[PDB]
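Reviewing the structure listed below.
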Amino acid sequence: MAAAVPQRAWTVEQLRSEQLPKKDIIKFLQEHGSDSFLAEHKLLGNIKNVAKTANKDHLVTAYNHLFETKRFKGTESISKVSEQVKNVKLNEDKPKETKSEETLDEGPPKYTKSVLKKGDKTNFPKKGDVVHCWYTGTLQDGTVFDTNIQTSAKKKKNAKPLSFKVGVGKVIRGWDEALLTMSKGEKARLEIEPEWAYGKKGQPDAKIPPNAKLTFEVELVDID
């Protein structure tokens, strides 16, 4: 399993624009949305064939609400090699494993980060300096625990990124280590373990059970 809440990759001004290829916007919703979701706007199927049925605003309108309706792509096939059930033993609850077995030799921290869309790659957050970005959290099963992705301002002035100083015990130790490597105008998807978030106990406050992996995506907007 691997598909947390993806952050906005494009902008309303870009999509609707006449410089961005609709071919992509269609492939993005297909990899970030579920069949049913796409079916609604007839976005599922064949892009080449959908690019004729789906209009410019059609692709953008479906890319905007997708986040508002939080109806991203869900489990359908995922990874599956086999299924075994031991008789009287009790061991593991989830399929686990992932075929490949080699992430590092020394041992990575208690989290995983992946830069989706590279940004400035120069203006990094310094200790003591504030930062403004968005973030959408979702449990292993995709349970939203914290979504700062407010509505767009173009439709109504009511959106303001969260401003917090880095390296000042503002956020979790796992997010601080990941965000600290974020660049101005960049999108990423990092998953922090329960050891560097809430703990083995969990977070009953947000219906978060013990040992729950938290994956999300952030988008840096500015750094002061």
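Naming scheme: A, B, ... for chains in displayed order of the structure tokens; residues 1 onward per chain; ligands 1 onward as shown.
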Could you give me, as a ChimeraX atom specification, the residues within 8 Å of segment 46-54 of chain A, counting only C-alpha atoms and dropping anything in the same chain fewer than 4 positions from it? /A:22-23,26-27,41-42,58-59
Export of the given selection (C-alpha atoms) as a compact mmCIF listing (two decimals), in the first residue's frame:
```txt
# COMPACT_ATOMS: atom_id res chain seq x y z
CA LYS A 22 -4.68 18.61 -21.10
CA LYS A 23 -3.11 15.19 -21.71
CA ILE A 26 -6.10 13.70 -17.42
CA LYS A 27 -3.30 11.34 -16.42
CA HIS A 41 -16.84 13.43 -15.10
CA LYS A 42 -16.04 10.65 -17.58
CA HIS A 58 -13.81 19.96 -17.30
CA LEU A 59 -10.39 18.59 -16.39
```
Let me make sure I understand: among A:9, A:144, A:139, A:130, which one has the smallest atom-to-atom distance to residue 70 of chain A if we use only C-alpha atoms?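 The answer is A:144, which sits nearest to residue 70 of chain A.
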Could you list, as a VMD selection string, every residue within 7 Å of residue 172 of chain A, counting only C-alpha atoms and ignoring same-chain residues fewer than 4 positions away? chain A and resid 176 196 to 197
Quick one: DSSP strand (DSSP E or B) residues in segment 34-168 of chain A, as a list in words?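 The residues of segment 34-168 of chain A classed as strand (DSSP E or B) are residues 72, 111, 112, 115, 116, 117, 132, 133, 134, 135, 136, 137, 138, 144, 145, 146, 147, 162 and 163 of chain A.
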